[PDB]
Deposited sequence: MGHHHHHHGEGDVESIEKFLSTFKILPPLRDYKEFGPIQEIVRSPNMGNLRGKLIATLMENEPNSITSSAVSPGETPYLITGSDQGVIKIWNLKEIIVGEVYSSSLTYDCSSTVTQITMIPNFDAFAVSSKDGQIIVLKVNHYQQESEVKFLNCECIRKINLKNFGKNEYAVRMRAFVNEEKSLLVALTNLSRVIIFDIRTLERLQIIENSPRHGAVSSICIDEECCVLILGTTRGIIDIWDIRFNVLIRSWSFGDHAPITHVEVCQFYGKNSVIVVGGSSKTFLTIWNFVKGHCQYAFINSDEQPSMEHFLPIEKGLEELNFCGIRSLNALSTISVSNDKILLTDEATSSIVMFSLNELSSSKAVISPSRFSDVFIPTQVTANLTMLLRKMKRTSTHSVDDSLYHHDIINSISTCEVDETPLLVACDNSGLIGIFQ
């Protein structure tokens, strides 16, 4: 070993050269969620009665689930061992001593960031070793740490996203004061702060695009604001529908590099999909069999500072999602179900997990807009994750009472 390259005397090395993160892992393909049976194979009660506030999965030959609780407790679960060995205990526990707000994988590493209500952000490395050709988990080890109080405003991170490629190594944190701070993972140095206008409400959601060039923000007043990261410039702002809060934004690679899934904004939809360059709504998945007007999905670009905050008005608003290439999995609390939207064939969309037998009907409404109508035939889920264990898709749901459900 040598440390001279790591003292910032000169500029990289890339993240893959930082041995404390462990070796970079092979890319694993999207799980084939279309084959999900919707069959509950296991329930894990270890976190009860504490809310699981965030979860993630690390995919690969031994995929593991990470859960974070409202008391700061992080657990690692060996998914193969649960499925095959029927061992229902966690493999590892790590205590943050403060309410977890987000767990964010460091893509392709056995490491993940954890933000907590006390203002701390850490990165935990998952250490493991081979015994009789099977993975044994050793420990979680803190390998990075920052406190947002260092920025002087007593902030804590509420949401995070990570992006790693050969060039970039970024951790993006949304704070409780609606600032977005961008860190380099290698040092946790602040590189950029983006501050959205308070006249658009509070920032409730963030995502980064495929290219890590743009920050997409959703607000409590139903506004989508897109920021160029390099120039720190607002490049797109719009609302639509009844401007309900934007609770999730996620880029959708399936449609291309300029497409984003929006949850909220319109209270009449499960989600919409927008081309954020063209400023245009491509798809609207309607949470009933009644189609809204075409006009409901036109972008509003003026009068955004005059939009009132509507609050959170329905169980419909609580949807959490997991995107897997051409499938979107979405929790529907109003009907106690999880919907799988088939972007490859919308008419094949269905409630994969539910108590009846719903059908989804795609209708082209303009040259540029398709609406998907839904025609009709337990604690609130906070987080869902999807992966494969030995081929065979599986979905993990974590709920606000501390229960994990595992579905094949």
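> Could you sort out which parts of the deposited sequence are absent from the coordinates (no C-alpha) and give them as ranges from 1?
Residues missing from the model, as numbered along the full deposited sequence, span 1-13, 24, 370-371, 394-406.
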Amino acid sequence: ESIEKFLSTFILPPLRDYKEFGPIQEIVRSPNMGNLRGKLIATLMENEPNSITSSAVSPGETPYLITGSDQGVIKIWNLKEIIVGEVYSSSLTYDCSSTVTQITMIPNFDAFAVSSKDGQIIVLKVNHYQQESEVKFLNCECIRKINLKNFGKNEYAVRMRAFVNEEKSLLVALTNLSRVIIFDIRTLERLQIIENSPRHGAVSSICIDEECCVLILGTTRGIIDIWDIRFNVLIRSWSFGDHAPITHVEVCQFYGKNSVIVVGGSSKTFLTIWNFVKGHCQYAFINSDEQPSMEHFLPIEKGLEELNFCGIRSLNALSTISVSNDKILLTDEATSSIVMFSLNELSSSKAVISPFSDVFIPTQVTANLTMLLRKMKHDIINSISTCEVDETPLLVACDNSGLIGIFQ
From here on, numbers count along this sequence of modelled residues.
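> Averaging only over Cα atoms, indicate whether 299-307 or 323-331 has the higher B-factor in the PDB entry.
Higher mean C-alpha B-factor in the PDB entry: 299-307.
> Given the B-factors recorded for C-alpha atoms, which segment has the greater mean, 126-134 or 217-225?
The stretch with the larger average C-alpha B-factor is 126-134.
> Between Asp379, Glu46, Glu345, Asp70, where does the Cα B-factor run highest in the record?
In the PDB entry, the greatest C-alpha B-factor among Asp379, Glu46, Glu345, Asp70 is found at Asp379.
> Looking at the C-alpha B-factor values in the deposited entry, which of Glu211, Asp95, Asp110, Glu250 comes out highest?
Among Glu211, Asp95, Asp110, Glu250, the highest C-alpha B-factor in the entry belongs to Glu211.
> Report the third (lowest, middle or highest) to which the CA temperature factor of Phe356 belongs, ranking only the modelled residues of the same chain.
Highest third - that is where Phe356 ends up once the chain's C-alpha B-factors are sorted.
> Sorting the chain's modelled residues by C-alpha B-factor, tell me whether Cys398 ends up in the lowest, middle or highest third.
Answer is lowest: the recorded C-alpha B-factor places it there.
> Rank-wise, by C-alpha B-factor, drop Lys75 into the lowest, middle or highest third of its chain.
Lowest third.
> Sorting by Cα B-factor within the chain, modelled residues only, which third would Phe254 end up in: lowest, middle or highest?
Bottom third by C-alpha B-factor.
> Within this chain's modelled residues, let me know which third the CA B factor of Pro245 belongs to: lowest, middle or highest.
For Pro245, whose C-alpha B-factor we compare with every modelled residue in the chain, the answer is the lowest third.
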